[PDB]
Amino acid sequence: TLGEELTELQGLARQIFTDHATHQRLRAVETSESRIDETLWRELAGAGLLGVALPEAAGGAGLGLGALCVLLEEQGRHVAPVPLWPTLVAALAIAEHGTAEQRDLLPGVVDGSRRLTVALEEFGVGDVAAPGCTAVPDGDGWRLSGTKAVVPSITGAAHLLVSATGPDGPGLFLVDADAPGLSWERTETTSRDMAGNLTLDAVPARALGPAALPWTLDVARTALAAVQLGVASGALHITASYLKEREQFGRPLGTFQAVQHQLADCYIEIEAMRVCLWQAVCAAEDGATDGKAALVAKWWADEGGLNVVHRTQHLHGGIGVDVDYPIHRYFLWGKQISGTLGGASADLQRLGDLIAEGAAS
């Protein structure tokens, strides 16, 4: 059945991530130029995990956003350094909103030779739904001028989906990473990713379909919430194990009521995160387009997920800030994810406008 395939998916990803997201390998990758584990990427491709969410006509399994979320959740459990959500959200945007020519890029994503990223953010106000980056018509193509902020995992990406406002409003456009007029500055982020601040000077581009931008934002929000769920789950698991071991005052820290209550609040928040994630997935597969379910999943990620990784830092005491101990990476990932596409307060504002607008319908 579908659940059995998703269980198989989960076990496979877990084994691959477990074999490569190790003390030694995380340190090697997080001090490299790309901050990307190319070995892990090739292993994922070879196990079919890059293809599992993508269409059959491109060699994938055709299992869609649910399979993507299962893979991303395992990835977050291990803070595994590969750009799965930028590449696979971009690929799902192409699959669902691209031209035939654009969908011909998907086979290379399935087999691991072609990575992508998405440039959905801007400095300042940075309304992701109203990019300041401009798109100008040029024959049957477009030229883009503007700047985008902190494009994730830019190294080795062959193409980028870039949000921009054209004459008919915001849209999503495919750009080759070697396009003329395109340049970036590498910038290191909280999570230790190597992002790019992107400058576009009349860069040639090709549009995706008219619904690509709001669709891609909902999927990206859902995907980020999947990673955050895995980050928080892994953080809680490590912290629970540690608090059984560490004794003070003659007993395990895990026996103190305040410790148990902080752990329980993490557990509660994780359960809440998880059911709202799957509601967002189910809503997307059932053709919802109002955006509320994705924002609810994302707010839980932004607020609950960030609470969890702050509590798991605190519960560790000094060893939790040692960079040779694992938990600090969950803090760094959780913190970065909770602001990606905007933080908790922004997401409440956007969700509140959707609620108000729907009530006035």
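The first residue of the shown sequence is 1; numbering continues from there.
Inset, instruction - Report the stretch with the higher mean CA temperature factor, choosing between 49 to 57 and 323 to 331 on the basis of the entry. - result: Higher mean C-alpha B-factor in the PDB entry: 49 to 57.
Inset, instruction - Could you check which stretch, 165 to 173 or 232 to 240, carries the larger mean CA temperature factor in the entry? - result: Result: 165 to 173.
Inset, instruction - Name the residue from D178, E121, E74, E188 with the greatest C-alpha temperature factor listed in the entry. - result: The record points to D178.
Inset, instruction - Just grab whichever of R274, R206, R221, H261 has the top CA B-factor as deposited. - result: Of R274, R206, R221, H261, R206 has the highest C-alpha B-factor.
Inset, instruction - Relative to the other modelled residues of the same chain, rank the CA B-factor of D111 and answer lowest, middle or highest third. - result: Its C-alpha B-factor belongs to the highest third of this chain's values.
Inset, instruction - Would you mind checking where the Cα B-factor of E30 ranks among the modelled residues of its chain, as the lowest, middle or highest third? - result: CA B-factor rank for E30: middle third.
Inset, instruction - Could you look up the Cα B-factor of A356 in the entry and say which third of the chain it sits in: lowest, middle or highest? - result: For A356, the deposited C-alpha B-factor lands in the lowest third.
Inset, instruction - Within this chain's modelled residues, let me know which third the CA B factor of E43 belongs to: lowest, middle or highest. - result: Ranked within chain, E43 CA B lands in the highest tercile.
Inset, instruction - Sort the modelled residues of this chain by their C-alpha B factor and say whether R246 lands in the lowest, middle or highest third. - result: Ranked within chain, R246 CA B lands in the lowest tercile.
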